[PDB]
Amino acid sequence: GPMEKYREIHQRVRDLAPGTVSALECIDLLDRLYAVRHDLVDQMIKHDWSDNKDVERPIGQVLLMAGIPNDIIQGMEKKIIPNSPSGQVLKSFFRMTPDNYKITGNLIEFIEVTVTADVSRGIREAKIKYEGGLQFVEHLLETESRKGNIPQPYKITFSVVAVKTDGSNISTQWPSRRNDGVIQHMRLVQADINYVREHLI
């Protein structure tokens, strides 16, 4: 899988200069590993759960797909998210791309996979990004519900699935028979990651 991507990588590392001349960007390498590091855990979700088995899909299209009339959806396209640091316009916030989602009837759920060493931060980092404007939309539905322009009010759900770089909590974050597959695939890349990190400091 995304291991085939890690494949094409671990090449470029184990042959390396000391970090003095080195690879000026171990970063491009580094970043690459992270993407892969994220994708392993994403993949697992994309099997056991998600509606998008393909790719992460924009929030606009999620909405239509949950059967919310475009004319209503373009309704909120010009508004602005409450308590936003950036003052985000829902227009933009519909181009946003969370990793995984699932519709069931009048309910919509997102799941964001992240992985760092700092759990709450990643959780914090992402909540800050989505949960603000997701409640919004949900609310701007009931608001549109109590006027009866929809049959049913929609419930919406954003959870972050975030896993220690080691994997220890994947027990608690995402129990799956794919688990033990994932933890081990992580360990491998991690060693690469750390290595590139220990070649600087």
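Residues carry their position along the shown sequence, with the first being 1.
query: Which has higher Cα B-factors on average according to the PDB entry: 35-43 or 129-137?
result: That would be 35-43.
task: Higher average CA B factor in the deposited record is what I'm after, so tell me if that's 24-32 or 153-161.
output: Higher of the two, by average CA B-factor, is 24-32.
- prompt: Taking the values straight from the PDB record, which of 170, 66, 55, 59 has the highest C-alpha temperature factor?
  reply: Within the set 170, 66, 55, 59, 55 shows the top C-alpha B-factor.
task: Please work out which residue in 103, 117, 72, 113 has the highest C-alpha B-factor recorded for this crystal structure.
output: Answer for 103, 117, 72, 113: 117, with the highest C-alpha B-factor.
- request: Give the position of residue 90 by CA B-factor within its chain, expressed as the lowest, middle or highest third.
  value: It belongs to the lowest third of the chain when residues are ordered by C-alpha B-factor.
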